[PDB]
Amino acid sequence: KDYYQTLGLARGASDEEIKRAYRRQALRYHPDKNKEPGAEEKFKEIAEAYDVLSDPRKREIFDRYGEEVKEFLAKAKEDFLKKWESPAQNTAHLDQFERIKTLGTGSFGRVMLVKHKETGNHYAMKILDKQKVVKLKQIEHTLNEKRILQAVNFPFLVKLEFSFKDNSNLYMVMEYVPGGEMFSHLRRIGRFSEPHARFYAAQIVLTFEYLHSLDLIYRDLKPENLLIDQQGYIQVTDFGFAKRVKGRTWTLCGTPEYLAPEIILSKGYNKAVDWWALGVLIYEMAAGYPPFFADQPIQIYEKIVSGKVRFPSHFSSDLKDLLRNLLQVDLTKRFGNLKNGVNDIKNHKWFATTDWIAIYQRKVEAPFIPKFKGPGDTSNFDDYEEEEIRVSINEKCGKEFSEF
């Protein structure tokens, strides 16, 4: 409950500002003129918001909710920029790892379960072919990916443990999350109850607050890129499209259903497309299907710029309100991109039940803890045809991936 927003003030108002803003806001919800849409509680909310901000000792302890976060992030930025400036390189070698099965393949390259012969531990290893990456004009996205992932550190982001290259491949070794992708469960359980969705969505919300404070845009929020760990919590993978963006940026990339309008249109965009995608994720989670689909992507982009979302009937009224505000086609009105930034999502009626402190601390009861079968289980994961990895006797594209 943010007293500063309830009084429509900024964290640095003066002592007269809170007294007049209290009198300006108490009349706009007075129990005699605007005692209509149940706003007698918005009036009490204003009444309690003055009593705390008027008291310089009550205000000081309240100002320690923001300041704790402001500091938490400051140190996280500093820890990020030290790693950004000196990105780890060649921190392992292929022949340290026993290649087990394949865990997934696709538009990136190949992700296999591996085993470090010595520490006898379990990792995911993503193999990218240098020649195919330069083929897919994805050299700058691949270099980014390793650089943003080795430098970030957050409970809900997968952790890159090692990285290295040989003559024709780029190798990336990260923590092994065994519970499988949220996609496979969301399509087996059919959909998610609104509290279940609220669980995952809050982690995405804290993770986007972290990433955006680092000036990062993630640009691939999708249930196929979220994993569930043994505590039922969320681990994000695929940083193939993540960019460090202090201003605007222009690449149309992502996944058609999840693209914000401004990505599809030729105007630049900001972090705010990550909040749009979050609206798609909460919608697909709570309904079973994404808000905009079609067999041809251009028809998906027609729906996306229409600014028309049909909501399902079992969609709560508070969810319908949060979604109307995340799927706003005008990024100058979209939630997350307004004056109070992410706090508009956090202090929203659909998120009144949720403890952002406790969600961070991994304390909450995860409404679904997947099936555990020991150390190397690939049961929560589809099977794939195995290829053998050839290693050319000539270095390929040594110039393009110097930085890797």
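For clarity, a rigid core is taken as the largest C-alpha set superposing within 1.5 Å between two forms. Each residue number is its position in the shown sequence, starting from 1.
Of 199 to 207 and 296 to 304, the stretch whose C-alpha atoms sit farther from the shown form in 9 other deposited structures of this protein, after fitting on the rigid core, is 296 to 304.
With 94 to 102 and 251 to 259 as candidates, the stretch whose CA atoms show the greater average offset from this form in 9 other deposited structures of this protein after a core fit is 94 to 102.
Between 261 to 269 and 119 to 127, the higher mean Cα B-factor belongs to 119 to 127. Looking at 247 to 255 and 103 to 111 together, the entry lists the larger mean B-factor for 103 to 111, computed on C-alpha atoms.
Ranked within its chain, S86 lands in the middle third, by CA B factor from the PDB record.
Among all modelled residues in its chain, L331 ranks in the middle third by Cα B-factor.
In the deposited entry, the Cα temperature factor of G66 places it in the middle third of its chain's modelled residues. Sort the chain's modelled residues by C-alpha temperature factor and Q296 lands in the middle third, per the entry. Residue-level temperature factors show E78 in the lowest third of its chain, judged at the C-alpha atom.
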